[PDB]
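Heads up: the structure comes next, in C-alpha cells.
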Amino acid sequence: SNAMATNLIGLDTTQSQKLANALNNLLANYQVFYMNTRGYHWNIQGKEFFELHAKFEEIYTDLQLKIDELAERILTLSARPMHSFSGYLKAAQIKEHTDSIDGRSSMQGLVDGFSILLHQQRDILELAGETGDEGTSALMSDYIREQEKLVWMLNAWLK
Amino acid sequence: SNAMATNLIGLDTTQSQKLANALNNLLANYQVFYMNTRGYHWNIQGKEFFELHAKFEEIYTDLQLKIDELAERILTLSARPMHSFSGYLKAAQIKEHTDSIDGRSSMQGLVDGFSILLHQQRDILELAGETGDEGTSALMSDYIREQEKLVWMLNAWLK
Amino acid sequence: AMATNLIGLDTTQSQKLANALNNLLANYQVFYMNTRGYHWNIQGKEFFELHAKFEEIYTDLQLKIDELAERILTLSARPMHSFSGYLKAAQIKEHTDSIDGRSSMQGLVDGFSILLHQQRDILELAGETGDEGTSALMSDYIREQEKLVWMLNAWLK
Amino acid sequence: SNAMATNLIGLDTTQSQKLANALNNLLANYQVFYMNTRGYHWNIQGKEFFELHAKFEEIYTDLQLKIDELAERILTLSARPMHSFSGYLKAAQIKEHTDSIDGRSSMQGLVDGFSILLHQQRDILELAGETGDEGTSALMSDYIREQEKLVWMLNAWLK
Amino acid sequence: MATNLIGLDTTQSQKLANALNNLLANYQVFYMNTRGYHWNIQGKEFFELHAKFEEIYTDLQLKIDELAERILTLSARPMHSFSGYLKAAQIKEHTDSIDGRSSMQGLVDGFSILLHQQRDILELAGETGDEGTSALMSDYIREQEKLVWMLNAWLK
Amino acid sequence: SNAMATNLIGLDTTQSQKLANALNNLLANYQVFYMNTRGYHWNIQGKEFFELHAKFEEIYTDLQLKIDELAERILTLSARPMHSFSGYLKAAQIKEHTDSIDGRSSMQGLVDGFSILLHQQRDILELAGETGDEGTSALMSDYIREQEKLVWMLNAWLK
Amino acid sequence: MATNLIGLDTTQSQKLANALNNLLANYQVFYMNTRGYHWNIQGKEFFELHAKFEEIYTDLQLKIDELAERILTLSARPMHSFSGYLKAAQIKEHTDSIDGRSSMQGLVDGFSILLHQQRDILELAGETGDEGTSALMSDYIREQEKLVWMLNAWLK
Amino acid sequence: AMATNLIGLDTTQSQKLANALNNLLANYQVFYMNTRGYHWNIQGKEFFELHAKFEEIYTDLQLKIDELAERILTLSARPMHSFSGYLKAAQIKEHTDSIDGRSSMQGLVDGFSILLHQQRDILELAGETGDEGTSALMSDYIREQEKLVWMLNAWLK
Amino acid sequence: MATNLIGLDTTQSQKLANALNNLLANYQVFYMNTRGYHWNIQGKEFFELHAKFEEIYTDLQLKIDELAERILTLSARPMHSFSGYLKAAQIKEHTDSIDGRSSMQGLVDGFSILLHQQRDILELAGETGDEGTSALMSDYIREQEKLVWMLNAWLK
Amino acid sequence: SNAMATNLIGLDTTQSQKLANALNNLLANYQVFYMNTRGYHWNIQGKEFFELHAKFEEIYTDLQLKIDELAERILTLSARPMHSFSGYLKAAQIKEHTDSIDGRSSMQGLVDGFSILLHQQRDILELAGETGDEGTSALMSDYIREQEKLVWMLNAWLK
Amino acid sequence: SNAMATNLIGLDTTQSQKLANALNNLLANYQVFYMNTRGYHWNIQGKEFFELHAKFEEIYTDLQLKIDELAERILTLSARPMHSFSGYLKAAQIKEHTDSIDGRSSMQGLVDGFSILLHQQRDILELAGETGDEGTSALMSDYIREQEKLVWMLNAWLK
Amino acid sequence: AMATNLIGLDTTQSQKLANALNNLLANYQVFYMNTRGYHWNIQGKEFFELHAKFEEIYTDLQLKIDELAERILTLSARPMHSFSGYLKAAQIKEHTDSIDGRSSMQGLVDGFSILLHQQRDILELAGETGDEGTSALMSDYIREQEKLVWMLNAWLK
Ligand SMILES: [Cl-]
Ligand SMILES: [Cl-]
Ligand SMILES: [Cl-]
Ligand SMILES: [Cl-]
Ligand SMILES: [Cl-]
Ligand SMILES: [Cl-]
Ligand SMILES: [Cl-]
Ligand SMILES: [Cl-]
Ligand SMILES: [Cl-]
Ligand SMILES: [Cl-]
Ligand SMILES: [Cl-]
Ligand SMILES: [Cl-]
C-alpha cells in the first residue's frame with residue numbers, strides 16, 4: 001500500500017504511528033505484568049492463600065481486558081500490535097518476576113508494575129492531547145483513573 | 001421568556017446555542033445514516049445475508065442509542081432538537097442511500113458515513129473545549145472512540 | 001412462468017398488498033418520528049410519566065416497523081426505506097413542537113386511529129385473497145392498538 | 001369406545017377426524033424434513049461450516065417445537081398421532097435427502113421442503129375454516145406466517 | 001361519528017360487550033371454584049393437584065384481566081361485583097370438592113361452557129369484522145381445547 | 001370424623017375452630033375488598049390512569065397473596081375455608097363498591113377497607129395470643145405491619 | 001456485667017440454649033431419617049416423593065444451621081457430633097422405610113415433636129424476654145404447622 | 001375528635017413510641033456514618049476483607065434507617081431528617097480516624113450493643129400498648145443484630 | 001500419515017464408528033418410541049409421565065447430537081435417515097403404548113440395550129486407546145445406570 | 001511519615017492535597033444534599049406521592065454512589081475524607097432543608113443544590129486540568145455530564 | 001427377592017455387592033467428615049472467622065453433594081445405602097472431631113480427612129476397574145481429581 | 001521419609017508427570033499467544049466470523065492453561081510461569097503476521113495436533129502409574145480438542 005497522509009480513521013498518519021509505537025511498548029509491559037500476576041496467583045502460599053489467590057485473579061482478569069482494548073486501539077490506528085512473547089520481552093521495562101510465593105512480595109510487585117503503567121499512560125495521554133487524538137486520550141484516562149484507585153488499595157493492604 | 005446570559009445548567013447561553021446548532025446538524029446526519037442502515041439490513045441479499053442482516057441491526061441499534069443521547073444533550077443545553085424528517089433532510093450532509101443490496105456497497109456506505117460523523121464530532125469536541133463545555137466534550141469523546149474502533153472493523157472486512 | 005411468487009401466493013395480489021403495506025409503513029414512520037418528538041419535548045409535571053410512556057410507545061412502533069418491512073420483503077416487494085419516500089406516501093402529517101401532555105396524547109390517539117383504519121382495510125384484502133400471514137400480522141396490530149387507544153383516551157377524560 | 005357425534009372438545013367427530021388425517025400427513029412431512037435438516041447440520045463442510053452448522057440447528061430446533069404442537073393438536077382432536085419412522089416414511093411426500101454437504105444444496109433443500117409445508121398448511125387452514133375449527137386454523141396461521149418469513153430469508157441467502 | 005372510539009360499529013360492539021360480560025361472569029365463578037379445588041383437595045394426589053389447580057386458576061386470572069380490558073376497549077362496562085357475576089353466570093358454584101376426580105370433572109364441564117361461549121362470540125365477531133375480539137377468542141379456544149384434552153386424559 | 005380434643009397440628013380443637021371462624025370472616029372481607037380493588041383498576045379514568053392502573057394492580061396482587069395464605073391458615077387449623085362468592089357476600093362487612101372511576105374515590109375506598117381489615121386483624125391477633133396460637137398470631141402481625149405502612153402511603157397521596 | 005455478650009440474662013440464656021440443643025438433636029436425627037426416605041422410596045410415588053423428601057430435608061438443613069447459630073449467639077456450644085445427637089434426641093432413627101405412607105407418617109410424627117418442643121421454647125423465651133429466640137420459634141412453628149396440614153392431607 | 005390516629009392506634013402511645021424511634025434513628029445515623037468511616041479508612045492486611053465487611057454492615061444499616069423513618073411516618077409522626085437533629089439526639093458518639101481493624105470492629109460491637117438495648121426498650125413499650133407493627137420491626141432488628149454481635153465478637157477473640 | 005485427522009488409527013476408528021452408528025440407530029428408534037410414550041399416555045399418571053417422558057427424550061436428543069458428532073470426529077459418516085436407522089436398530093418400534101407401566105418397562109428394556117452396547121464400545125475403545133470415545137461411553141453409562149435404577153424403583 | 005514530593009500514585013503531593021481539600025468540600029455538599037433528598041423522599045405528601053417518593057429515592061441512590069466514589073478519590077490522592085456529620089456541617093455551602101413536603105419545594109431544592117455541585121465540580125475540573133490530574137478530571141467530567149442532564153429534567157418538571 | 005446372577009443395571013450381582021460394601025464404608029467416612037466440617041464452620045473463632053466460616057461452608061456443601069451421589073450409586077448397584085448415624089459411627093474410620101475452634105486445627109483436620117478419603121477412593125477405583133464397573137470408576141475419578149486439588153489448596157494455606 | 005507426596009501419589013512418578021505437564025503448558029502458552037494474534041490480525045470478509053471464533057478458542061485455551069498450572073501445583077511441582085521459560089520449552093513455534101483465515105485456521109489445526117499427541121502420551125503415563133486425576137484432565141482435553149479439530153478441518157475443506 002502507498003503511504004497516505006491520513007489513516008483510515010482520519011488521523012495524521014505520522015502522529016498516529018508515533019502513538020502506536022508508544023502504545024505497543026505499553027502493551028509489552030502489560031503482557032509481562034499479566035504473566036507475573038498469573039504467577040502470583042498460582043504460587044501464593046500461607047494464610048493469605050484464599051484471599052490473594054482470588055485477588056490476583058481479579059487483578060489479572062482486569063489486565064486481560066486492558067490488553068484486549070490496547071491491541072484493538074493499535075489496530076484502530078492502522079498499526080501492528082506486538083503479538084509474540086519474544087517481542088514483548090525485547091520491549092518491556094517491567095521484568096519477569098518468578099517464584100514470588102509470599103503476599104507482600106507479590107503485592108509490592110503489583111505496586112511497582114502499576115507505577116510503570118501509570119507513568120507510561122500519562123506520557124501517552126499527554127502526547128495524544130498534543131495532536132488531538134481523543135480516542136487514545138480517552139483510553140489512557142480510563143486506565144489511569146482505574147489504576148490509581150487500585151494502587152491506593154494495594155498500598156493500603158501493605159501498610 | 002426573556003433572554004438570559006446563562007442557561008439552566010449554568011453555561012453561557014450564546015456559546016451553548018452555537019454548540020446546540022452544531023449538535024443538531026450532527027443529529028440530522030445520524031438520522032439519515034440510521035435510515036440508510038435500516039435499508040442495508042432489510043435489503044441485503046446473497047451469502048452474506050445472515051451475517052450482515054445481524055451486523056447491520058447491531059450497528060443501527062447502537063446509532064439509535066446515540067441519537068437518543070444527542071437529542072437529550074441538545075435539550076440539556078436549553079435548545080430544540082430537530083425532530084422531523086423534513087428538518088433532517090434539509091440539514092444533513094449524509095445522502096439518502098437506497099437499494100443497496102450487496103454487502104460491499106452497504107459496508108462502504110457505513111465507512112463513508114462514519115467518516116462524516118467522526119469529522120463533525122471532532123469539530124464539536126474542539127469547539128466545546130474552547131469554552132469548557134465538558135458535558136458536550138465528554139459525549140463527543142465517547143462517540144469518537146467507539147466509532148474509530150468500528151471504522152477499523154468495517155475497513156478490515158472490506159480488505 | 002408462474003402467477004405465484006416465492007412464498008406461493010398470487011403475485012398480483014401480493015404486489016397490491018405490499019403497496020398498501022408500504023403506505024402503512026410510511027404512516028408508521030412519520031408517526032414514530034412525531035412520537036420521538038413528543039418524548040423529547042414534553043414539559044411540566046407530567047414530564048417523567050410521559051417521557052417514559054412515549055418511549056414505551058415509540059419502542060413498540062419501532063418493532064412494528066421492523067416487522068412490516070420484513071413482511072413487504074416476504075411478499076417479494078421493496079419496502080420504502082427513505083425519509084423522502086415516507087413523506088411522499090404518508091397521510092399522517094409531521095407534528096412538531098408539541099410540549100404539552102394533552103396535545104401529544106391526542107396526537108397519539110389521532111395517529112393510531114389512522115393506523116387502525118388502514119390495517120383493517122389491509123386485513124380485509126388479505127383475508128379475501130387468502131394471504132393468512134399478512135392477515136395475522138394485521139390482526140396482532142389491531143388488537144394491540146385498540147387496547148392502547150382505550151388507555152390513551154382514558155387518560156384524556 | 002362407542003362412536004360419538006362430537007368429540008371431547010365439542011367439535012364434530014367426522015370433520016375432526018378428516019382434519020386429524022390431514023394433520024398426520026403434515027406431521028409425516030415435518031418428521032422427514034426435520035431428519036433431513038439434522039443431516040444438513042451434521043454434514044456441512046467448507047467455509048460455511050460455522051454459520052450453517054448454527055443456522056441448521058436453529059431451523060431443526062424450531063421444527064421440533066412444531067412437531068410437538070402438531071402431535072398434540074391431533075391428540076386434542078381425539079385422534080391418534082403417527083409416532084413411528086415406518087409410519088412417517090409411508091405417509092410423507094417429502095423424500096429422504098442424505099449426504100447433502102454443501103450450503104447451496106442444503107439451503108435449497110430447505111426452500112423446497114418449506115414450500116411443500118406451506119402448501120399443505122394452507123390446504124388444512126382452508127378445510128379448518130370450512131367447519132369452524134379455529135384451534136386448528138390458528139395453528140396453521142402461526143406456522144404459515146413464520147415459514148413464509150423464513151423462505152424469504154433462505155431465498156435471499158441463495159441469490 | 002358513526003363508530004365508537006376504536007372505529008367499530010357501536011351497536012355491534014355493545015352486543016359483543018354484553019356476550020363478553022356473560023363470559024366474564026362464567027370465568028369468575030369458575031376461577032372461584034378452581035381456587036376451592038386447590039384449597040380442598042385431599043389424598044395422594046394432594047401435591048400434584050394442589051399445584052395443577054393453581055396453574056389452571058393462574059391462567060384463568062390472566063384471561064379475566066384481558067376480558068375485562070376487552071370490554072373496556074369496546075367502550076362498555078365490565079361487570080365487577082360478585083353479585084353481578086352470580087346473576088349472570090351459567091357455571092354453578094361448586095363447593096366442598098375434595099376428591100381429584102370430582103374437581104377435574106368440574107374443570108372439564110366448566111371449560112365445555114367457556115369453549116361453547118367463546119366459539120359463539122368468535123362467530124359473531126367474525127360476522128361484524130371485530131378482529132380484536134375474534135383474535136382473543138381464537139387464543140382462548142386453542143389453549144383451552146388443549147387443556148381439555150389433558151384433563152380428559154388424566155380422567156381416563 | 002370423631003371429634004378430637006386437639007387437631008392435627010396439636011392445638012386445642014375448640015379454640016382453633018373459634019379462630020378459624022374469625023379468620024373466615026376476615027377472608028370474606030378480603031375477597032370483597034379484592035373485587036372492589038380489581039374494579040378500581042379496571043375503571044379508573046383521567047390523568048391518573050397509568051399511575052393508578054398500575055398502583056391498584058400492585059395492591060390487588062398483594063391482597064390475592066394474603067387471600068391464599070389466609071385460606072391455607074384456616075385449612076392448617078383443620079377448618080373449612082369459605083370458598084364461594086355467595087358465602088363471602090353473606091359474611092363480609094366490607095360492601096361491594098362499584099363504578100368508582102376517579103382516583104380519590106378509589107383511594108379513599110382502599111383506606112376505608114384497610115381500616116376495617118386492620119381492626120379485624122388486631123382482634124384476631126389478640127384472640128390468638130390468649131391461647132398461644134403463634135402461627136395465627138404471626139400471620140396477623142405480618143398483615144398488620146404491611147397494611148399500616150400502606151395506609152400511611154394512601155393517606156399521604158390523599159392530602 | 002450482669003448479662004451475656006448480646007445483653008440477655010446468662011442463666012436464662014443457658015437454659016434456652018440447652019433446650020435449643022435438644023431441639024437440634026431432634027432435627028439432626030429427623031433430617032437423617034428424611035434423607036433415608038428420599039433414598040429408599042419405591043413404587044409409583046418414586047419421582048414425586050424422591051423430590052418432596054428432598055425439598056423437606058433441604059428446609060430442615062437450613063433450620064439446623066440457624067439453630068446452631070442461635071445457640072452460638074446465646075454464648076453456648078451447639079452439639080456437633082452424631083454421638084451427641086443420638087444421646088439427646090427423642091425422635092428415633094427410622095431405617096428401611098421404602099413405602100410412601102410409612103415415610104410420610106414418619107414425617108408427621110417427627111414434626112409433632114418439633115412443634116411441641118418449639119412451642120415450649122417459645123413460651124420460655126417469651127417469659128424471659130428473649131425475643132430473638134421467640135422469633136425463630138415463631139417462624140419454625142408457622143412453617144411446620146402448614147407442612148403438617150399438607151402431609152396429613154396427602155395421607156387422607 | 002378521636003384518641004386514635006390514621007392507622008387506628010392510640011395517638012398518645014404512638015407519639016411516645018415515635019419519639020423513642022426517632023432517638024433510635026439518630027443513633028443509627030451516627031452509627032452508619034462511623035461505619036462509612038471504618039470502611040474508607042481501614043489499612044493493613046485486613047483491608048480487602050474489612051473494606052467488604054464494613055460495606056455489608058453499613059448497607060444493612062441504611063435499609064434499617066429507611067424502614068425506621070417510614071415506621072415513624074406510619075405512626076403519623078415526623079422523622080428526624082437532618083445531621084444537626086441527629087447529633088443533638090444521638091447517644092452514639094462520632095468516631096473518626098479509626099484505621100485499625102480491631103478498633104473499628106470493637107466500635108461496631110459497642111454501637112450494636114447500644115442499639116439492641118434501645119430496641120428492646122421500644123419492643124417492650126410497643127408490646128404493652130398493642131403496637132404490633134412496631135414490635136415486629138424491633139423483633140426483626142434484634143434477632144439480626146444479636147447474630148451479628150456474635151460474629152463480630154467471634155472475630156475479636 | 002499413518003493416522004486419521006485426529007491422530008488415531010484409521011482401521012480402529014472405522015470399526016468404532018460403525019459400532020457408534022449402530023448405537024445411534026438404537027437411540028433414534030428409542031427416542032421416537034419415547035416421544036410416543038409422551039404423547040399417548042393416559043390415566044392419572046398423565047401429568048407426571050407426560051413431563052417425565054419429555055425429560056427423558058430431551059436427554060436422549062442431546063446424546064444423539066453428541067454421537068453423530070463423535071462419528072464425524074472419527075472421520076466417518078453418521079447415519080441420518082429413518083430408513084437407515086430402521087435397518088440397523090435392535091430396539092423395535094413401539095407404538096400405542098398408553099399405560100404408564102408399559103411405557104416405563106419399554107424404557108427399561110431399551111436402556112438395557114443402550115447400556116450393553118455402550119459397554120462393548122467402551123471396551124473396544126479402551127483396547128485401542130481411543131480415549132475420546134471411551135469418555136463419551138463412560139458418561140452415557142453412568143447416567144443411564146442411574147436412570148435405570150429410578151425407572152425400576154417406580155415399577156416396584 | 002516524612003513529607004514526600006510525590007504521593008503513592010505518583011502525583012505532586014502539594015497539588016494533590018489542594019485538590020483533595022476541594023474534593024472534601026464537595027463531599028460535604030454531597031452529604032448535606034443527600035440528607036435533604038432523603039427528607040424529600042420521606043416527607044412528600046399529596047398526589048405526587050408515589051411518583052416523587054420513587055424519584056427522590058432514585059436521586060439519592062445515585063448521590064450515594066457519587067459520595068462513595070468521591071471519598072475513594074480523596075483516599076486515592078493520599079488524603080483524608082471527611083467522615084463526620086459535624087465536619088460536613090462546618091464545610092458545606094448547601095443548607096439543611098427540613099420539612100419540605102410539597103413536590104415543587106423539594107424539586108426546586110434539588111435544582112438549587114445541583115447548581116452548587118455543578119459549579120464546584122467545574123472548578124475542580126479546571127484545577128485538575130492545570131496540573132494534569134486526569135483521574136480527578138475524569139471523575140468531575142462524569143459527574144458534570146450526568147448532573148447537567150438531571151438538571152434539564154428537574155427544570156422540565158417544574159415548567 | 002430371589003438371588004439373581006446380574007442386577008438390574010446388568011452388572012454381576014456378587015461383584016456389585018462387594019463394590020457397594022466398599023462404597024458404604026466410604027459413605028460412613030464422608031458422613032462423619034461432613035459433621036466434623038459443620039462443626040469447624042460453627043465453632044471457628046478469631047480473625048479467621050469470616051474467611052473460614054465461609055470456606056468451611058463451601059467445603060461441607062460440596063461434601064453433601066458427594067454424599068447424595070454416593071448413596072445413589074449404592075442404590076444404582078441394587079444395594080442398601082447406610083442411612084443412620086449409628087450405622088455410620090460403626091463403620092467409619094474417620095473419627096468424630098469436636099471443639100475445633102482455630103483455623104489451623106480445623107484446616108489440618110480437613111487435610112487428614114481428605115487424605116483418608118483419597119486413599120479409600122483409589123482402592124475402590126482399582127476394584128471397579130478389575131470388573132469393568134465404569135459407572136463406579138467414573139464417580140471415584142471425579143471425587144479424586146477434585147479432592148487432590150483441594151488438598152493442594154488446604155496445604156498451601158497451612159504453609 | 002515417604003516415597004509419596006502430599007496428595008498420596010508416588011513422588012518420582014508425580015515429578016515425571018509434572019515435567020511433561022509443564023512442557024504441555026509451554027506449548028499451550030505459545031499457542032494461546034499465536035491465537036490472540038490470529039484474532040487481532042484477521043482481515044477480509046471472514047473478519048467478524050473469525051474474530052469471534054478465534055476469541056472463543058483462545059478463551060477456552062486460557063481456562064485450560066489455568067487448570068494445567070493448578071494440576072502441576074497439585075502434584076507438588078512448580079508450574080512454569082514466564083515467557084522466557086515457555087519459549088525455551090515449547091515445541092509450537094511463534095506464529096506472527098497471520099492475517100488470512102485459512103493460514104490462521106490451519107495454524108490452529110497444526111497446534112491442536114501437537115497438543116493432542118502430547119496429551120495422549122501424558123494420559124498413557126498417568127494411567128500406568130495410577131494418577132487418575134491427571135488421566136482425567138487429559139481425557140477431558142483430548143475429547144474436546146478432537147471435536148474442535150473435526151470442526152476446524154471441516155471449515156478448511
Ligand atoms: Cl511481535
Ligand atoms: Cl424539526
Ligand atoms: Cl424509498
Ligand atoms: Cl405410527
Ligand atoms: Cl357489576
Ligand atoms: Cl363457602
Ligand atoms: Cl457434641
Ligand atoms: Cl430534623
Ligand atoms: Cl443414512
Ligand atoms: Cl471528619
Ligand atoms: Cl443404616
Ligand atoms: Cl518459569
Side-chain angles (χ1 to χ4, degrees), chain D residues 2-24 26-27 65-83 121-122 124-146, chain E residues 16 19-20 23 26 30 52 55-56 59 63 66-67 70 90-91 101 104-156:
Chain D
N2 297 337
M4 308 287 280
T6 56
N7 59 23
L8 290 168
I9 64 172
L11 303 182
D12 177 84
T13 296
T14 298
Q15 293 168 337
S16 294
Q17 290 284 321
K18 192 198 185 153
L19 280 155
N21 181 75
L23 291 163
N24 258 320
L26 182 63
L27 175 59
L65 293 170
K66 295 178 167 81
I67 286 164
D68 299 354
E69 289 167 337
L70 256 176
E72 291 185 1
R73 186 70 195 160
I74 290 157
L75 290 156
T76 298
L77 290 170
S78 292
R80 175 189 183 274
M82 256 181 277
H83 59 286
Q121 293 165 156
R122 294 168 180 137
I124 294 163
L125 189 151
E126 177 174 345
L127 179 58
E130 288 172 17
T131 55
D133 182 352
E134 184 61 27
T136 299
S137 289
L139 191 64
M140 295 306 89
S141 173
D142 287 349
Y143 288 8
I144 293 167
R145 74 193 288 194
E146 299 173 14
Chain E
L16 279 156
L20 290 162
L23 183 60
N26 281 312
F30 193 53
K52 180 56 64 179
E55 174 190 351
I56 286 174
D59 289 340
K63 290 180 167 73
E66 292 169 336
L67 271 173
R70 187 70 195 163
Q90 180 195 357
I91 293 176
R101 176 170 291 280
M104 296 278 288
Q105 188 59 56
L107 293 183
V108 168
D109 296 333
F111 280 116
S112 92
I113 288 165
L114 302 183
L115 287 170
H116 191 274
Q117 248 184 145
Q118 289 161 167
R119 289 169 180 143
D120 278 351
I121 292 163
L122 175 65
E123 180 172 350
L124 176 61
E127 288 169 339
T128 63
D130 183 350
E131 182 61 30
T133 301
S134 284
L136 195 55
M137 293 302 94
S138 179
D139 288 348
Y140 287 8
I141 289 162
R142 72 194 291 196
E143 292 173 23
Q144 290 169 351
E145 291 177 335
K146 185 184 170 183
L147 186 52
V148 168
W149 149 59
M150 299 187 154
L151 296 173
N152 272 110
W154 187 99
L155 289 164
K156 297 283 192 78

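The analysis underlying the following values was restricted to heavy atoms, covering all of them including side chains, and did not include hydrogens, waters or symmetry mates. Throughout, a chain's letter reflects where its sequence line sits, starting with A, and its residues are numbered from 1.
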E/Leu147 versus chain D, heavy atoms under 4.5 Å apart: side chain, backbone, both or neither?
neither
E/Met150, part contacting chain D, at a heavy-atom distance under 4.5 Å
side chain
Atom group of D/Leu77 that falls short of 4.5 Å from chain E, counting heavy atoms
neither
Do chain E and chain D have donor-acceptor pairs under 3.5 Å, and which are they?
| unit_1 | atom_1 | unit_2 | atom_2 | d |
| --- | --- | --- | --- | --- |
| E/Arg119 | NH1 | D/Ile9 | O | 3.0 |
| E/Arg119 | NH2 | D/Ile9 | O | 2.7 |
| E/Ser138 | OG | D/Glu134 | OE2 | 2.7 |
| E/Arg142 | NH1 | D/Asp142 | OD2 | 2.9 |
| E/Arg142 | NH2 | D/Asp142 | OD2 | 2.9 |
| E/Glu145 | OE1 | D/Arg73 | NH1 | 2.8 |
| E/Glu145 | OE1 | D/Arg73 | NH2 | 2.8 |

From the list D/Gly10, D/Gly135, D/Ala138, D/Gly132, the residue making the most non-hydrogen contacts under 4.5 Å with chain E is D/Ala138
For E/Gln90, check side chain to side chain donor-acceptor pair (under 3.5 Å) against everything at least two apart and list the hits.
none
